[PDB]
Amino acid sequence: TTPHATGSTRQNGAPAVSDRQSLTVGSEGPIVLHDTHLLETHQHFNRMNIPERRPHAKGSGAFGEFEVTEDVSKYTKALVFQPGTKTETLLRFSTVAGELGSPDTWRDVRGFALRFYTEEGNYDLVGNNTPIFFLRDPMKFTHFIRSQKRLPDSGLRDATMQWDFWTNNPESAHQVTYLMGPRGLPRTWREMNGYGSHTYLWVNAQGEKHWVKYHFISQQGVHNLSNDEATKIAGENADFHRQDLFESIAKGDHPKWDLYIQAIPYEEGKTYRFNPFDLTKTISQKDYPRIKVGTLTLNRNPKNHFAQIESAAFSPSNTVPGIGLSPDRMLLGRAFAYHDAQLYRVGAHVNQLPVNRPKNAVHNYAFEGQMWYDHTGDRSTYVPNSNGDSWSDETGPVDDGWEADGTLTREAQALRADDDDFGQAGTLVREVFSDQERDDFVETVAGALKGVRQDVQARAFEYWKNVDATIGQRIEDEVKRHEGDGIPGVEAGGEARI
């Protein structure tokens, strides 16, 4: 308490006088220009909103801990995964297509973005609730996400646009099958699995390399909603998943996931019968079994959602020694894209915000810019220098690299022995799903096609028969009878759509 305090301050720390009445010429007069508290508070209010993420705008998260309980030191030198290591984490969950205020229970992919605050930097494993994705080249991703959003004239989501894109990009079949199956509607974020999806590189202390897949298996199980249930919840509680996570942690019910990897020897990655660098493919667990690493626990809610969750900036470029990227084109595009988006969304100094700062000392050659909170004093701005300010200069092949040879080209990845666009989707439908799941799948896909322009429907019938002839005919028969479920979040047809 200062001597002239009034209960709150302006931005300069001086007493504000009133948070409730403007400065006027008498009670009945106009507001004067020099009501600086009115101006400061309104100008700030007008700058509170920041661009929402594209994609994955709607989401929430929590802090936790990861504990290593197995010895995988023969596979990586990364500090975070050494025996017995416990690391603080942050996890943000999200949908993909919907905007900031959109219902949580729309049918969609869910994000699973996990940061480990390691002793050698922030390691981000930016995953999804599926082991695969719709595409295998990042040039197509902009198109895909735009097709999942809104028509340019009416501003409506449109299943015709969605199916036009999917049927003209048959590489999408594996993930469209997974999305249209049970797991398209998680009951809660606690009751879904997380995956890295991509192949990553692990490098051990001797320089030996393995290609790895990450799998986070929920200790709460996998539980899903029906289309009808999810539609009902979208109306009753648009923030159902956000509320569930916060309430669960507040009550002491800390959700857990066990991490397993698959580890492929370096040379076998080049010869395996499915392309491990193709994001539309899973790798068989009969060929490369899951190996346990440790357990993730979420146990602490945010104190401020905007500062800790909305302003968090995750990136697959945030690797640490012992972990690298891979020849997966999609992953390589992601190495550029996230940081770029965050410079616009948050700001140049996004990585100086507390939630994005690493625990270890940063000594980075970047200076100045807007909103530079932690300046470098008189440190040298160039290298080499004669002033004792260190720099890096390792020469030669990098520890997390690989070989390439060819001419500059734009073409599809070469096919391995068993690669195609529809086989793995067919295995999912025929061998993994139960009879009841298959029945529900038909009703979901048929519903998703209701009202779709007939030319696009016809292409969808061929697409589904390519996945499985029996399921495809069942879908076609139901579409021709105009049957099927309503799908939460999207429809087709009418004068405002294609």
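Position 1 is the first residue in the sequence shown; the rest follow in order.
- As listed in the deposited structure, the average C-alpha B-factor of 401-409 and of 194-202 is greater for 401-409.
- As recorded in the PDB entry, 458-466 is the stretch of 458-466 and 34-42 with the greater mean C-alpha temperature factor.
- Take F216, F112, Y75, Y178 and read off each C-alpha B-factor from the entry; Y75 has the highest.
- In the PDB entry, the Cα temperature factor peaks, among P289, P321, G347, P186, at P289.
- When all modelled residues of the chain are sorted by CA temperature factor, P55 is found within the lowest third.
- Among all modelled residues in its chain, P83 ranks in the highest third by Cα B-factor.
- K359: CA B factor in the highest third of modelled residues in this chain (values from the PDB entry).
- Compared with the other modelled residues of the chain, the Cα B-factor recorded for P182 ranks in the middle third.
- Among all modelled residues in its chain, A366 ranks in the middle third by Cα B-factor.
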